Amino acid sequence: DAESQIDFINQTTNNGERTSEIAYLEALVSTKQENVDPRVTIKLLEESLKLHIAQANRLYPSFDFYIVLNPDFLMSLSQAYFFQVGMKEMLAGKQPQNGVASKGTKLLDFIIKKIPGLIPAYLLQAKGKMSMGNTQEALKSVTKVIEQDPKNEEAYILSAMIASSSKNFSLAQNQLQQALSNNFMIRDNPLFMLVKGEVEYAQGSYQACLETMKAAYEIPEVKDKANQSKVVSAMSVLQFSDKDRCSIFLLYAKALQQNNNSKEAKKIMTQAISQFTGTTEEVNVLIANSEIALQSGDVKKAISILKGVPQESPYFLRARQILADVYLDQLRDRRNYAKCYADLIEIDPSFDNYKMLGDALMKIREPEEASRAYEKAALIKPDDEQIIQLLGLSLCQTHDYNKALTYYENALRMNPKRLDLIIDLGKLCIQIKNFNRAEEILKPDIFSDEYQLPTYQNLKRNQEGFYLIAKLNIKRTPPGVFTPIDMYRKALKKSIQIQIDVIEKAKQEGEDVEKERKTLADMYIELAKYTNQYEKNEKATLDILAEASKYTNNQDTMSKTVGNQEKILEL
Amino acid sequence: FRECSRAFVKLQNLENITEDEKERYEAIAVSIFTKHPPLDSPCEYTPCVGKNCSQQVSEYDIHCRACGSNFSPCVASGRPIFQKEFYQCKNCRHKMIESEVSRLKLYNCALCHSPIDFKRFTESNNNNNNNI
Ligand SMILES: [Zn+2]
Ligand SMILES: [Zn+2]
């Protein structure tokens, strides 16, 4: 009815002004249909937000302008944005590729900047921040809510989710204990008990989880279908959807399975299969059926279920992958492990089937068949530089250096603007012990690419080229010479400077760098050993080792990495 | 050298290895495969007996790809069973080739050392096959 009325309004307003509310209504309608591409909802929401902000920005913010801005409307826009993110994708910290969660969180950030007293805005902000993987920012938003409202039950519950996702079970337990004494009625709220059961299961308290989810099984689940089809109730940031009900069912069956109650797990799960059939939850519960049937030792039914998935199902690839993962570990055979991707190929060729076949063959270390699959893919895909580098790596790893060298020379001849190709050719050429050609290829290309300095990956390639140049320089040193090769030293300082620069580049981009920190510390160690071997410059060696020690003492490298400090202290 | 290359690729990283051991491993690999390129030694491609496919399988290969019919071992010498002549005892039930036993003059089973005359086992297995 709403869609029909929207169509009537659009037809009658063929020259009427496009408003924010009409676009928001269209976005909600598009959200409520299963067959509409999410990008349409995204663009409708963006248009509505743009029109609303354009209406607001002509003006200065008094009371009328907190009326026009309508923070409730922007909060509803952010909720509509977040609706496109699934709860499991929500918790995993994997933002959807379309970036809807970031847009919603940014809108909430603007709302909070304008109105820092909006507790639901902070709750939604912490929610979205947990969606994008920013657990610390979600925690700080929850702390803001708690300091503003110490009675806020949802705040403590959200702190519980964030602590549990960060494996801080004690903090989650404290938050849950606060939430228990906060209110007694929310012990009837399905979301809260789903949370409590999830946390108890994560902590290993299977009996408490079973009791909590039994009490979370005598609430309205069978009534949840009509409630969700007819959502009329005072709801908020925390909304009980059918996905949460499916999670309750699946984890109840799981907790029954761990308590050796296989029959009750099976009966609950058969109930769950026929309770969610028709949407994506049907294939989801089928996958769960394969999983728990595997956990019950009945592998044949699980294999039949994973194989019965047709070729028109989008989850067919995932089903085949999980079938292969359980086939290689339990049955311990690589034959059908490779067959489980081969069949994906001959059933229907595509633009990526050969790619994951080659990936599987690398995982099983069968270089020749993977190289054949990759050259088939390169036949299918015209340029596909990723397949070019994969073919190069496969031909380098097949212990047939002649054809790999020929392929590298040819690929350089077509496109001399592939830095990774030059690096791979240099590595292969130093592997084959041909120093002259290797350096004659390395030096011009490495000395020529100094125009794209602001780029991060290009700086990484420059650092790798300088490091390989230094390695080639130190390789061609006859034994017995005790003269300090200064040009290797200069290349080494250039390499460490570029490494520091790219580590900072990873910092402003919010990417894990401790691998780069540890490789730079390793390189400092190598430089210290080199400078010690020839000249007894004890003061400089001590200073360099000290800066290497204090440089690797960042983040959580105290307990994880121990060999680096071991070699440092040996030196 | 195909099997050598496969084994060397396997050996580079099994589950864990120190840097020096891995290093000497690729040093050996590079020396072997840079002295001369891997050349496949020709042999006899005997007709397959596992299935009706006309695609012959290499003598060394026991995988029997694209057919799924793996070949039973011969405890006597290790050659795969590519002939009608195969027999086993009632203690270990491993297929024995008559020619290998005749060449080696084995009075007992190679695995379980069953001390009963082998010609009678051959006759008994022939009778059992006739029953099948
Ligand atoms: Zn065959
Ligand atoms: Zn025997």
# chains A, B, ... in the order shown; residues from 1 in each chain; ligands from 1
call {"tool": "interface_residues", "arguments": {"of": "chain A", "to": "chain B", "cutoff": "7 Å", "atoms": "only C-alpha atoms", "output": "PDB file with N, CA, C and O atoms, in the first residue's frame"}}
result
ATOM      1  N   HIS A 399      60.444 -24.901 -10.086  1.00  0.00           N
ATOM      2  CA  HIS A 399      61.821 -25.366 -10.271  1.00  0.00           C
ATOM      3  C   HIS A 399      62.134 -25.624 -11.744  1.00  0.00           C
ATOM      4  O   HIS A 399      62.857 -26.559 -12.093  1.00  0.00           O
ATOM      5  N   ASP A 400      61.582 -24.782 -12.618  1.00  0.00           N
ATOM      6  CA  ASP A 400      61.903 -24.774 -14.047  1.00  0.00           C
ATOM      7  C   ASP A 400      62.244 -23.326 -14.386  1.00  0.00           C
ATOM      8  O   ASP A 400      61.375 -22.550 -14.792  1.00  0.00           O
ATOM      9  N   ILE A 432      69.006 -18.041  -9.569  1.00  0.00           N
ATOM     10  CA  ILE A 432      69.759 -18.825 -10.548  1.00  0.00           C
ATOM     11  C   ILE A 432      71.239 -18.476 -10.563  1.00  0.00           C
ATOM     12  O   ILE A 432      71.991 -19.045 -11.366  1.00  0.00           O
TER      13      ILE A 432
END
call {"tool": "residues_near_ligand", "arguments": {"ligand": "ligand 1", "cutoff": "10 Å", "atoms": "only C-alpha atoms and all ligand atoms", "output": "short mmCIF file (atom, residue, chain, number, x, y, z; two decimals) with N, CA and C atoms, in the first residue's frame"}}
result
data_model
loop_
_atom_site.label_atom_id
_atom_site.label_comp_id
_atom_site.auth_asym_id
_atom_site.auth_seq_id
_atom_site.Cartn_x
_atom_site.Cartn_y
_atom_site.Cartn_z
N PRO B 47 49.21 -50.65 -20.66
CA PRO B 47 47.76 -50.42 -20.63
C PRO B 47 47.20 -50.59 -19.22
N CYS B 48 46.22 -49.75 -18.89
CA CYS B 48 45.61 -49.78 -17.57
C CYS B 48 44.70 -50.99 -17.43
N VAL B 49 44.72 -51.60 -16.25
CA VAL B 49 43.86 -52.75 -15.96
C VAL B 49 42.78 -52.43 -14.94
N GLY B 50 42.85 -51.28 -14.27
CA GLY B 50 41.84 -50.95 -13.28
C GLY B 50 40.47 -50.72 -13.88
N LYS B 51 40.42 -50.01 -15.01
CA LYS B 51 39.16 -49.67 -15.66
C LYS B 51 39.28 -49.92 -17.15
N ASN B 52 38.21 -49.61 -17.88
CA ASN B 52 38.16 -49.85 -19.32
C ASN B 52 38.74 -48.71 -20.14
N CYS B 53 39.21 -47.64 -19.49
CA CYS B 53 39.73 -46.49 -20.22
C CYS B 53 40.98 -46.88 -21.02
N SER B 54 41.07 -46.34 -22.23
CA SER B 54 42.23 -46.61 -23.09
C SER B 54 43.42 -45.73 -22.74
N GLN B 55 43.25 -44.74 -21.87
CA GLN B 55 44.35 -43.86 -21.47
C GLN B 55 45.32 -44.64 -20.59
N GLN B 56 46.51 -44.91 -21.12
CA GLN B 56 47.50 -45.67 -20.38
C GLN B 56 48.06 -44.84 -19.22
N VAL B 57 48.46 -45.54 -18.16
CA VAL B 57 49.00 -44.91 -16.96
C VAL B 57 50.45 -45.33 -16.81
N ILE B 62 50.60 -44.81 -9.20
CA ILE B 62 49.60 -45.66 -8.57
C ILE B 62 48.36 -44.84 -8.27
N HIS B 63 48.45 -43.53 -8.53
CA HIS B 63 47.33 -42.63 -8.24
C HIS B 63 46.11 -42.96 -9.09
N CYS B 64 46.33 -43.24 -10.38
CA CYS B 64 45.25 -43.54 -11.33
C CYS B 64 44.23 -42.40 -11.37
N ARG B 65 44.73 -41.24 -11.81
CA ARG B 65 43.93 -40.02 -11.82
C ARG B 65 42.75 -40.15 -12.78
N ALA B 66 41.67 -39.45 -12.44
CA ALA B 66 40.46 -39.35 -13.26
C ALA B 66 39.74 -40.69 -13.38
N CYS B 67 40.21 -41.71 -12.67
CA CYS B 67 39.54 -43.00 -12.70
C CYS B 67 39.12 -43.44 -11.30
N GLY B 68 39.94 -43.13 -10.29
CA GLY B 68 39.62 -43.48 -8.93
C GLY B 68 39.91 -44.91 -8.54
N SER B 69 40.55 -45.68 -9.40
CA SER B 69 40.83 -47.10 -9.14
C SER B 69 42.30 -47.23 -8.76
N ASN B 70 42.59 -47.08 -7.48
CA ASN B 70 43.95 -47.28 -6.98
C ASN B 70 44.33 -48.75 -7.06
N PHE B 71 45.63 -49.00 -7.20
CA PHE B 71 46.16 -50.35 -7.39
C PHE B 71 46.72 -50.89 -6.08
#
call {"tool": "closest_atom_pairs", "arguments": {"of": "chain B", "to": "ligand 2", "cutoff": "7 Å", "atoms": "only C-alpha atoms and all ligand atoms", "output": "JSON lines"}}
result
{"residue": "B:88", "atom": "CA", "partner": "ligand 2", "partner_atom_place_in_ligand_line": "1 (Zn)", "distance": 6.5}
{"residue": "B:89", "atom": "CA", "partner": "ligand 2", "partner_atom_place_in_ligand_line": "1 (Zn)", "distance": 5.0}
{"residue": "B:90", "atom": "CA", "partner": "ligand 2", "partner_atom_place_in_ligand_line": "1 (Zn)", "distance": 6.9}
{"residue": "B:91", "atom": "CA", "partner": "ligand 2", "partner_atom_place_in_ligand_line": "1 (Zn)", "distance": 5.3}
{"residue": "B:92", "atom": "CA", "partner": "ligand 2", "partner_atom_place_in_ligand_line": "1 (Zn)", "distance": 4.1}
{"residue": "B:93", "atom": "CA", "partner": "ligand 2", "partner_atom_place_in_ligand_line": "1 (Zn)", "distance": 5.8}
{"residue": "B:94", "atom": "CA", "partner": "ligand 2", "partner_atom_place_in_ligand_line": "1 (Zn)", "distance": 6.1}
{"residue": "B:109", "atom": "CA", "partner": "ligand 2", "partner_atom_place_in_ligand_line": "1 (Zn)", "distance": 4.7}
{"residue": "B:110", "atom": "CA", "partner": "ligand 2", "partner_atom_place_in_ligand_line": "1 (Zn)", "distance": 6.7}
{"residue": "B:111", "atom": "CA", "partner": "ligand 2", "partner_atom_place_in_ligand_line": "1 (Zn)", "distance": 5.5}
{"residue": "B:112", "atom": "CA", "partner": "ligand 2", "partner_atom_place_in_ligand_line": "1 (Zn)", "distance": 4.6}
{"residue": "B:113", "atom": "CA", "partner": "ligand 2", "partner_atom_place_in_ligand_line": "1 (Zn)", "distance": 6.2}
{"residue": "B:114", "atom": "CA", "partner": "ligand 2", "partner_atom_place_in_ligand_line": "1 (Zn)", "distance": 5.7}
call {"tool": "residues_around", "arguments": {"residues": "segment 226-243 of chain A", "least_positions_apart": "6", "cutoff": "10 Å", "atoms": "only C-alpha atoms", "output": "ChimeraX atom specification"}}
result
/A:75-76,79,86-88,120-121,123-124,127,154,158,189-192,220,249,276,281
call {"tool": "write_last_selection", "arguments": {"atoms": "N, CA, C and O atoms", "output": "compact mmCIF listing (two decimals), in the first residue's frame"}}
result
# COMPACT_ATOMS: atom_id res chain seq x y z
N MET A 75 18.66 10.27 12.71
CA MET A 75 18.83 9.01 13.42
C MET A 75 18.11 7.87 12.70
O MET A 75 18.64 6.76 12.59
N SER A 76 16.91 8.14 12.20
CA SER A 76 16.19 7.14 11.41
C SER A 76 16.93 6.82 10.12
O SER A 76 16.95 5.67 9.67
N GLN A 79 19.68 4.52 11.06
CA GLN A 79 19.15 3.18 11.30
C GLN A 79 18.85 2.47 9.99
O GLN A 79 19.11 1.27 9.85
N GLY A 86 24.31 -7.02 8.10
CA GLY A 86 23.84 -8.17 8.86
C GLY A 86 24.53 -8.26 10.21
O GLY A 86 25.66 -7.82 10.39
N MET A 87 23.82 -8.88 11.17
CA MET A 87 24.32 -8.95 12.54
C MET A 87 25.61 -9.75 12.65
O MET A 87 26.48 -9.44 13.47
N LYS A 88 25.76 -10.81 11.85
CA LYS A 88 27.00 -11.58 11.89
C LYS A 88 28.14 -10.82 11.21
O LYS A 88 29.26 -10.77 11.74
N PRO A 120 20.68 7.76 22.40
CA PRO A 120 20.51 6.79 21.31
C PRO A 120 21.45 7.02 20.14
O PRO A 120 21.86 6.05 19.49
N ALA A 121 21.80 8.28 19.86
CA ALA A 121 22.79 8.55 18.83
C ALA A 121 24.14 7.93 19.19
O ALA A 121 24.79 7.32 18.34
N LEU A 123 24.54 5.33 21.17
CA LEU A 123 24.38 3.88 21.09
C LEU A 123 24.52 3.40 19.65
O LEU A 123 25.22 2.42 19.38
N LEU A 124 23.87 4.10 18.72
CA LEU A 124 24.00 3.73 17.31
C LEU A 124 25.42 3.95 16.80
O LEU A 124 25.90 3.19 15.95
N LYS A 127 27.46 1.12 17.98
CA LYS A 127 27.07 -0.01 17.15
C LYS A 127 27.81 0.01 15.81
O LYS A 127 28.52 -0.94 15.48
N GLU A 154 20.97 -0.81 28.05
CA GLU A 154 21.50 -1.13 26.73
C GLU A 154 22.97 -0.77 26.62
O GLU A 154 23.73 -1.42 25.90
N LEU A 158 25.73 -3.43 25.55
CA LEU A 158 26.60 -3.20 24.40
C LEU A 158 28.07 -3.29 24.79
O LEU A 158 28.89 -3.83 24.03
N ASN A 189 13.46 -9.79 27.60
CA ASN A 189 13.83 -9.29 26.28
C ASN A 189 14.67 -10.33 25.54
O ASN A 189 15.74 -10.72 26.04
N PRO A 190 14.25 -10.78 24.35
CA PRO A 190 15.01 -11.83 23.64
C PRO A 190 16.46 -11.48 23.34
O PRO A 190 17.33 -12.35 23.42
N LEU A 191 16.73 -10.22 22.98
CA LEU A 191 18.09 -9.83 22.61
C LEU A 191 19.04 -9.98 23.80
O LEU A 191 20.16 -10.48 23.65
N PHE A 192 18.58 -9.58 24.98
CA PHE A 192 19.43 -9.63 26.17
C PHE A 192 19.82 -11.06 26.51
O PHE A 192 20.98 -11.34 26.84
N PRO A 220 8.51 -15.38 23.39
CA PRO A 220 7.88 -15.46 22.05
C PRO A 220 8.89 -15.59 20.91
O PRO A 220 9.37 -14.60 20.35
N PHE A 249 18.13 -20.18 17.91
CA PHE A 249 17.87 -21.59 17.61
C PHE A 249 19.18 -22.35 17.36
O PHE A 249 19.40 -23.43 17.92
N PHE A 276 12.47 -21.58 9.23
CA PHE A 276 13.08 -20.49 8.48
C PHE A 276 13.20 -20.76 6.99
O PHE A 276 13.99 -20.10 6.32
N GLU A 281 17.71 -17.77 5.17
CA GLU A 281 17.88 -18.58 6.37
C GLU A 281 17.72 -20.06 6.07
O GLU A 281 18.23 -20.90 6.82
call {"tool": "atom_distance", "arguments": {"atom1": "atom CA of residue 38 of chain A", "atom2": "atom CA of residue 56 of chain A"}}
result
26.9 Å
call {"tool": "select_by_dssp", "arguments": {"residues": "chain B", "states": "alpha helix (DSSP H)", "output": "PyMOL selection string"}}
result
chain B and resi 2-11+19-35+98-104+118-131
call {"tool": "atom_distance", "arguments": {"atom1": "atom CA of residue 200 of chain A", "atom2": "atom CA of residue 147 of chain A"}}
result
26.5 Å
call {"tool": "residues_around", "arguments": {"residues": "segment 358-368 of chain A", "least_positions_apart": "2", "cutoff": "9 Å", "atoms": "only C-alpha atoms", "output": "ChimeraX atom specification"}}
result
/A:334,337-338,341,353-356,370-374,390,394-395,397-398 /B:6,9-10
call {"tool": "write_last_selection", "arguments": {"atoms": "C-alpha atoms", "output": "PDB file, in the first residue's frame"}}
result
ATOM      1  CA  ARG A 334      44.183 -34.588  -0.998  1.00  0.00           C
ATOM      2  CA  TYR A 337      40.274 -32.071  -1.780  1.00  0.00           C
ATOM      3  CA  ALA A 338      41.458 -30.961  -5.223  1.00  0.00           C
ATOM      4  CA  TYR A 341      37.413 -27.391  -6.783  1.00  0.00           C
ATOM      5  CA  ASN A 353      37.195 -20.669 -11.107  1.00  0.00           C
ATOM      6  CA  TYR A 354      40.731 -21.264 -12.356  1.00  0.00           C
ATOM      7  CA  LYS A 355      41.965 -18.708  -9.826  1.00  0.00           C
ATOM      8  CA  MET A 356      40.760 -20.490  -6.715  1.00  0.00           C
ATOM      9  CA  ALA A 370      48.109 -24.649 -10.677  1.00  0.00           C
ATOM     10  CA  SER A 371      50.317 -23.134 -13.382  1.00  0.00           C
ATOM     11  CA  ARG A 372      48.181 -24.857 -16.017  1.00  0.00           C
ATOM     12  CA  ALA A 373      45.007 -23.511 -14.400  1.00  0.00           C
ATOM     13  CA  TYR A 374      46.510 -20.018 -14.194  1.00  0.00           C
ATOM     14  CA  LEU A 390      50.393 -15.485  -9.982  1.00  0.00           C
ATOM     15  CA  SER A 394      53.983 -20.393  -9.939  1.00  0.00           C
ATOM     16  CA  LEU A 395      56.580 -20.722 -12.710  1.00  0.00           C
ATOM     17  CA  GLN A 397      58.160 -22.115  -7.707  1.00  0.00           C
ATOM     18  CA  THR A 398      57.995 -25.022 -10.190  1.00  0.00           C
TER      19      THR A 398
ATOM     20  CA  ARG B   6      57.714 -32.626  -6.191  1.00  0.00           C
ATOM     21  CA  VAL B   9      58.790 -28.603  -3.125  1.00  0.00           C
ATOM     22  CA  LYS B  10      57.221 -30.687  -0.345  1.00  0.00           C
TER      23      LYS B  10
END
call {"tool": "residues_around", "arguments": {"residues": "residue 201 of chain A", "least_positions_apart": "4", "cutoff": "10 Å", "atoms": "only C-alpha atoms", "output": "list in words"}}
result
residues 195, 196, 197, 205, 206, 207, 208, 209, 210, 251, 252, 254, 255 and 258 of chain A
call {"tool": "atom_distance", "arguments": {"atom1": "atom CA of residue 502 of chain A", "atom2": "atom CA of residue 456 of chain A"}}
result
6.4 Å
call {"tool": "residues_around", "arguments": {"residues": "residue 458 of chain A", "least_positions_apart": "3", "cutoff": "12 Å", "atoms": "only C-alpha atoms", "output": "PDB file with C-alpha atoms, in the first residue's frame"}}
result
ATOM      1  CA  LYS A 417      55.806  -0.531 -16.092  1.00  0.00           C
ATOM      2  CA  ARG A 418      55.289  -3.449 -13.674  1.00  0.00           C
ATOM      3  CA  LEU A 419      57.454  -3.006 -10.574  1.00  0.00           C
ATOM      4  CA  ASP A 420      56.395  -6.319  -9.016  1.00  0.00           C
ATOM      5  CA  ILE A 446      64.797   1.076  -9.179  1.00  0.00           C
ATOM      6  CA  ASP A 449      60.745   5.271 -10.202  1.00  0.00           C
ATOM      7  CA  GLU A 450      61.027   8.363  -8.001  1.00  0.00           C
ATOM      8  CA  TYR A 451      57.963  10.217  -9.308  1.00  0.00           C
ATOM      9  CA  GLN A 452      55.206   8.535  -7.235  1.00  0.00           C
ATOM     10  CA  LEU A 453      56.622   9.216  -3.758  1.00  0.00           C
ATOM     11  CA  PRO A 454      53.277   9.964  -1.989  1.00  0.00           C
ATOM     12  CA  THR A 455      51.980   6.488  -2.881  1.00  0.00           C
ATOM     13  CA  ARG A 461      58.361  -1.459  -3.845  1.00  0.00           C
ATOM     14  CA  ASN A 462      61.226   1.049  -3.671  1.00  0.00           C
ATOM     15  CA  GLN A 463      62.225  -0.308  -0.254  1.00  0.00           C
ATOM     16  CA  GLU A 464      62.093  -3.887  -1.551  1.00  0.00           C
ATOM     17  CA  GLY A 465      64.195  -2.938  -4.571  1.00  0.00           C
ATOM     18  CA  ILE A 498      62.002   4.158   3.524  1.00  0.00           C
ATOM     19  CA  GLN A 499      60.814   1.446   5.926  1.00  0.00           C
ATOM     20  CA  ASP A 501      58.386   6.222   6.164  1.00  0.00           C
ATOM     21  CA  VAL A 502      56.106   3.376   5.054  1.00  0.00           C
ATOM     22  CA  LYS A 505      52.185   5.586   6.139  1.00  0.00           C
TER      23      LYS A 505
END
